[PDB]
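File shown: coords-v9.cif (mmCIF, C-alpha atoms (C1' of nucleotides)).
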```cif
data_model
#
loop_
_atom_site.group_PDB
_atom_site.id
_atom_site.type_symbol
_atom_site.label_atom_id
_atom_site.label_comp_id
_atom_site.auth_asym_id
_atom_site.auth_seq_id
_atom_site.Cartn_x
_atom_site.Cartn_y
_atom_site.Cartn_z
ATOM 1 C CA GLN M 8 -0.468 -29.150 4.591
ATOM 2 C CA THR M 9 0.648 -27.292 7.705
ATOM 3 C CA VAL M 10 -1.262 -28.057 10.894
ATOM 4 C CA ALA M 11 -1.355 -24.356 11.785
ATOM 5 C CA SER M 12 -3.634 -23.813 8.779
ATOM 6 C CA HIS M 13 -6.355 -25.827 10.562
ATOM 7 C CA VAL M 14 -5.756 -24.591 14.140
ATOM 8 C CA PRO M 15 -7.653 -21.365 14.967
ATOM 9 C CA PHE M 16 -5.724 -18.720 16.875
ATOM 10 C CA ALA M 17 -8.615 -18.572 19.354
ATOM 11 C CA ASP M 18 -7.778 -22.049 20.659
ATOM 12 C CA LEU M 19 -4.173 -21.039 21.349
ATOM 13 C CA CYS M 20 -5.334 -17.813 23.003
ATOM 14 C CA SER M 21 -7.761 -19.727 25.229
ATOM 15 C CA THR M 22 -5.040 -22.213 26.178
ATOM 16 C CA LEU M 23 -2.687 -19.366 27.103
ATOM 17 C CA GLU M 24 -5.424 -17.671 29.138
ATOM 18 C CA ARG M 25 -6.142 -20.916 30.995
ATOM 19 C CA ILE M 26 -2.426 -21.384 31.688
ATOM 20 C CA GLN M 27 -2.128 -17.847 33.059
ATOM 21 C CA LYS M 28 -5.285 -18.139 35.172
ATOM 22 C CA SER M 29 -4.198 -21.414 36.778
ATOM 23 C CA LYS M 30 -2.371 -20.885 40.073
ATOM 24 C CA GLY M 31 -0.484 -24.168 40.457
ATOM 25 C CA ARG M 32 2.272 -25.107 38.036
ATOM 26 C CA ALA M 33 0.686 -28.553 37.715
ATOM 27 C CA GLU M 34 -2.447 -27.112 36.094
ATOM 28 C CA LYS M 35 -0.414 -24.995 33.663
ATOM 29 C CA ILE M 36 1.724 -27.986 32.692
ATOM 30 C CA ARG M 37 -1.413 -30.097 32.251
ATOM 31 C CA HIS M 38 -3.021 -27.509 29.967
ATOM 32 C CA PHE M 39 0.123 -27.146 27.859
ATOM 33 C CA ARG M 40 0.525 -30.928 27.659
ATOM 34 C CA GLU M 41 -3.089 -31.355 26.545
ATOM 35 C CA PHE M 42 -2.643 -28.734 23.823
ATOM 36 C CA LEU M 43 0.621 -30.320 22.662
ATOM 37 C CA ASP M 44 -0.912 -33.806 22.636
ATOM 38 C CA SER M 45 -3.881 -32.595 20.591
ATOM 39 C CA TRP M 46 -1.538 -30.890 18.123
ATOM 40 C CA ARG M 47 0.658 -33.987 17.806
ATOM 41 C CA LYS M 48 -2.322 -36.313 17.347
ATOM 42 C CA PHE M 49 -3.765 -34.047 14.655
ATOM 43 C CA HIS M 50 -0.379 -33.869 12.922
ATOM 44 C CA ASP M 51 -0.039 -37.661 12.964
ATOM 45 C CA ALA M 52 -3.584 -38.159 11.667
ATOM 46 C CA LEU M 53 -3.145 -35.562 8.905
ATOM 47 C CA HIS M 54 0.235 -36.563 7.430
ATOM 48 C CA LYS M 55 -0.480 -40.244 6.877
ATOM 49 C CA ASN M 56 0.945 -40.564 3.350
ATOM 50 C CA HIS M 57 3.895 -38.419 4.381
ATOM 51 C CA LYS M 58 7.444 -38.052 3.052
ATOM 52 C CA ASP M 59 9.120 -36.641 6.169
ATOM 53 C CA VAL M 60 7.223 -33.366 5.904
ATOM 54 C CA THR M 61 8.903 -30.341 7.498
ATOM 55 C CA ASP M 62 5.862 -29.443 9.614
ATOM 56 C CA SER M 63 6.300 -29.051 13.367
ATOM 57 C CA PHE M 64 5.124 -27.055 16.393
ATOM 58 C CA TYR M 65 7.141 -24.010 15.297
ATOM 59 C CA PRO M 66 4.101 -21.908 14.233
ATOM 60 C CA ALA M 67 2.706 -22.096 17.774
ATOM 61 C CA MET M 68 6.018 -22.412 19.636
ATOM 62 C CA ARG M 69 7.316 -19.125 18.223
ATOM 63 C CA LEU M 70 4.178 -17.302 19.375
ATOM 64 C CA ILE M 71 4.328 -18.992 22.787
ATOM 65 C CA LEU M 72 7.974 -17.878 23.181
ATOM 66 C CA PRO M 73 8.317 -14.576 21.294
ATOM 67 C CA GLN M 74 11.578 -13.703 23.066
ATOM 68 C CA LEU M 75 13.317 -16.490 21.109
ATOM 69 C CA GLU M 76 12.039 -15.244 17.729
ATOM 70 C CA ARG M 77 15.141 -14.568 15.621
ATOM 71 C CA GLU M 78 13.761 -15.124 12.107
ATOM 72 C CA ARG M 79 11.658 -11.939 12.274
ATOM 73 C CA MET M 80 13.365 -8.608 12.917
ATOM 74 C CA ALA M 81 12.071 -5.893 15.234
ATOM 75 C CA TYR M 82 8.475 -5.006 14.408
ATOM 76 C CA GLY M 83 9.183 -1.315 15.006
ATOM 77 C CA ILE M 84 5.874 -0.779 16.849
ATOM 78 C CA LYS M 85 6.359 -0.557 20.619
ATOM 79 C CA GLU M 86 3.801 0.131 23.361
ATOM 80 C CA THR M 87 3.460 3.835 22.542
ATOM 81 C CA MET M 88 3.225 3.161 18.806
ATOM 82 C CA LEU M 89 0.738 0.339 19.400
ATOM 83 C CA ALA M 90 -1.465 2.587 21.537
ATOM 84 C CA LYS M 91 -1.331 5.327 18.923
ATOM 85 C CA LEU M 92 -2.192 2.930 16.092
ATOM 86 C CA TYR M 93 -5.090 1.526 18.092
ATOM 87 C CA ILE M 94 -6.300 5.104 18.557
ATOM 88 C CA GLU M 95 -6.243 6.005 14.855
ATOM 89 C CA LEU M 96 -7.534 2.680 13.505
ATOM 90 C CA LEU M 97 -10.449 2.384 15.947
ATOM 91 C CA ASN M 98 -11.442 6.026 15.274
ATOM 92 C CA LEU M 99 -11.660 6.709 18.999
ATOM 93 C "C1'" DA H 1 -49.493 59.664 -49.558
ATOM 94 C "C1'" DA H 2 -46.943 55.299 -49.028
ATOM 95 C "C1'" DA H 3 -42.594 52.376 -49.314
ATOM 96 C "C1'" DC H 4 -37.781 51.978 -48.659
ATOM 97 C "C1'" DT H 5 -33.606 53.481 -46.384
ATOM 98 C "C1'" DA H 6 -30.855 55.940 -42.705
ATOM 99 C "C1'" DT H 7 -29.358 56.870 -38.170
ATOM 100 C "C1'" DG H 8 -29.690 56.135 -33.289
ATOM 101 C "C1'" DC H 9 -30.136 53.841 -29.371
ATOM 102 C "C1'" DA H 10 -30.609 50.510 -25.977
ATOM 103 C "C1'" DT H 11 -29.423 45.802 -23.665
ATOM 104 C "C1'" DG H 12 -27.373 41.433 -23.351
ATOM 105 C "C1'" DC H 13 -23.093 39.043 -24.374
ATOM 106 C "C1'" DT H 14 -17.870 38.230 -24.239
ATOM 107 C "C1'" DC H 15 -13.142 39.150 -22.801
ATOM 108 C "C1'" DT H 16 -9.368 41.029 -20.185
ATOM 109 C "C1'" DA H 17 -7.746 43.200 -16.534
ATOM 110 C "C1'" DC H 18 -8.062 44.538 -11.654
ATOM 111 C "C1'" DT H 19 -8.623 43.919 -6.499
ATOM 112 C "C1'" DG H 20 -9.760 41.396 -2.268
ATOM 113 C "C1'" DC H 21 -11.171 37.054 0.429
ATOM 114 C "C1'" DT H 22 -10.910 31.929 1.233
ATOM 115 C "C1'" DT H 23 -8.750 27.393 0.927
ATOM 116 C "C1'" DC H 24 -4.952 24.239 -0.347
ATOM 117 C "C1'" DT H 25 -0.174 23.241 -0.509
ATOM 118 C "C1'" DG H 26 5.065 23.249 0.338
ATOM 119 C "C1'" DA H 27 8.852 24.425 3.568
ATOM 120 C "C1'" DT H 28 10.446 24.110 8.380
ATOM 121 C "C1'" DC H 29 10.748 22.595 13.404
ATOM 122 C "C1'" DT H 30 10.689 17.912 17.305
ATOM 123 C "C1'" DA H 31 9.415 12.533 19.448
ATOM 124 C "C1'" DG H 32 10.401 8.021 18.921
ATOM 125 C "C1'" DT H 33 12.809 4.217 17.344
ATOM 126 C "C1'" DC H 34 16.951 1.999 15.770
ATOM 127 C "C1'" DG H 35 21.513 2.256 15.297
ATOM 128 C "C1'" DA H 36 26.613 4.059 15.793
ATOM 129 C "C1'" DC H 37 30.185 5.449 19.121
ATOM 130 C "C1'" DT H 38 33.173 6.526 23.833
#
```
In structure tokens, what does this structure look like?
Amino acid sequence: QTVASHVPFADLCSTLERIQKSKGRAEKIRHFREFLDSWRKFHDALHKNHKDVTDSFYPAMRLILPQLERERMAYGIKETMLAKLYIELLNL
DNA sequence: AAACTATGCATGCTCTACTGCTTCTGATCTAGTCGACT
């Protein structure tokens, strides 16, 4: 029962947007700490009858720090390819 | 004089080739991404 299955991507996107918008490092750290605390509290409340489940913050941590992603190889779609694919798919 | 038969013709139908026009498809040239090398 992974926590990421119950956490919408919109919440993470909003947290990242708030972090970027904030000017002082204190506000960014506060936002990230609030998100992490909510995630940890939800994880603790979900896995009550647990057996040392291998569920952690990796699903969100990898997205927050894509540069450290080693499990997944190169996507093969760079900025030019992404722009092209957006053009065909959206039928612009 | 009337009934049956004969030829004769026309037109629509079917097939096979023939030619020319239009559209689809297969072969041939380059941008990007990843990787190799010095």
Size and centre in Å, one decimal, axis-aligned box, all listed region 43-49 of chain M atoms plus 3 Å per side, as JSON:
```
{"center_x": -1.6, "center_y": -33.3, "center_z": 18.7, "size_x": 10.5, "size_y": 12.0, "size_z": 14.0}
```
| said: For this structure, which residues satisfy the selection - the PyMOL selection byres ((chain H) within 10 of (chain M)) - when it is evaluated on the file as given? I want them as a PyMOL selection string. | reply: chain H and resi 32-34
| message | Using the chain letters and numbers from this file, what does the PyMOL selection byres ((chain M and resi 38-47) around 12) select? Give the answer as an MDAnalysis selection string. | response | chainID M and resid 9:15 18:29 31:37 48:54 62:68 71
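Reported to one decimal place, the separation of CA of residue 89 (chain M) from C1' of residue 30 (chain H) is 20.3 Å.
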| task | Between CA of residue 77 (chain M) and CA of residue 61 (chain M), measure the distance and give it in Å to one decimal. | result | 18.8 Å
| task | Figure out the distance between CA of residue 16 (chain M) and CA of residue 78 (chain M), please, to one decimal in Å. | result | 20.4 Å
| message | Here is a test: counting all atoms listed in the file, which residue of M:8, M:17, M:30, M:82 is nearest to residue 57 (chain M)? | response |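 Closest candidate: M:8.
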Missing atoms in region 57-68 of chain M should be modelled up to N, CA and C atoms and reported as a PDB file, keeping the file's coordinate frame.
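Okay, this is what ended up in result26.pdb:
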```pdb
ATOM      1  N   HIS M  57       2.896 -39.464   4.224  1.00  0.00           N
ATOM      2  CA  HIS M  57       3.895 -38.419   4.381  1.00  0.00           C
ATOM      3  C   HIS M  57       5.227 -38.846   3.772  1.00  0.00           C
ATOM      4  N   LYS M  58       6.093 -37.858   3.569  1.00  0.00           N
ATOM      5  CA  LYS M  58       7.444 -38.052   3.052  1.00  0.00           C
ATOM      6  C   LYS M  58       8.439 -37.275   3.903  1.00  0.00           C
ATOM      7  N   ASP M  59       8.308 -37.405   5.223  1.00  0.00           N
ATOM      8  CA  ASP M  59       9.120 -36.641   6.169  1.00  0.00           C
ATOM      9  C   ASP M  59       8.868 -35.144   6.002  1.00  0.00           C
ATOM     10  N   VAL M  60       7.591 -34.761   6.087  1.00  0.00           N
ATOM     11  CA  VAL M  60       7.223 -33.366   5.904  1.00  0.00           C
ATOM     12  C   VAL M  60       7.893 -32.507   6.972  1.00  0.00           C
ATOM     13  N   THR M  61       8.256 -31.288   6.587  1.00  0.00           N
ATOM     14  CA  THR M  61       8.903 -30.341   7.498  1.00  0.00           C
ATOM     15  C   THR M  61       7.877 -29.469   8.215  1.00  0.00           C
ATOM     16  N   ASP M  62       6.890 -30.115   8.831  1.00  0.00           N
ATOM     17  CA  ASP M  62       5.862 -29.443   9.614  1.00  0.00           C
ATOM     18  C   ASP M  62       6.031 -29.826  11.076  1.00  0.00           C
ATOM     19  N   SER M  63       6.035 -28.827  11.953  1.00  0.00           N
ATOM     20  CA  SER M  63       6.300 -29.051  13.367  1.00  0.00           C
ATOM     21  C   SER M  63       5.480 -28.056  14.181  1.00  0.00           C
ATOM     22  N   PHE M  64       5.798 -27.958  15.470  1.00  0.00           N
ATOM     23  CA  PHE M  64       5.124 -27.055  16.393  1.00  0.00           C
ATOM     24  C   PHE M  64       5.667 -25.634  16.329  1.00  0.00           C
ATOM     25  N   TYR M  65       6.554 -25.344  15.378  1.00  0.00           N
ATOM     26  CA  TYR M  65       7.141 -24.010  15.297  1.00  0.00           C
ATOM     27  C   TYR M  65       6.101 -22.904  15.176  1.00  0.00           C
ATOM     28  N   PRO M  66       5.053 -23.027  14.354  1.00  0.00           N
ATOM     29  CA  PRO M  66       4.101 -21.908  14.233  1.00  0.00           C
ATOM     30  C   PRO M  66       3.510 -21.478  15.562  1.00  0.00           C
ATOM     31  N   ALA M  67       3.228 -22.425  16.455  1.00  0.00           N
ATOM     32  CA  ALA M  67       2.706 -22.096  17.774  1.00  0.00           C
ATOM     33  C   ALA M  67       3.809 -21.865  18.797  1.00  0.00           C
ATOM     34  N   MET M  68       4.930 -22.580  18.677  1.00  0.00           N
ATOM     35  CA  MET M  68       6.018 -22.412  19.636  1.00  0.00           C
ATOM     36  C   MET M  68       6.601 -21.008  19.567  1.00  0.00           C
TER      37      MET M  68
END
```
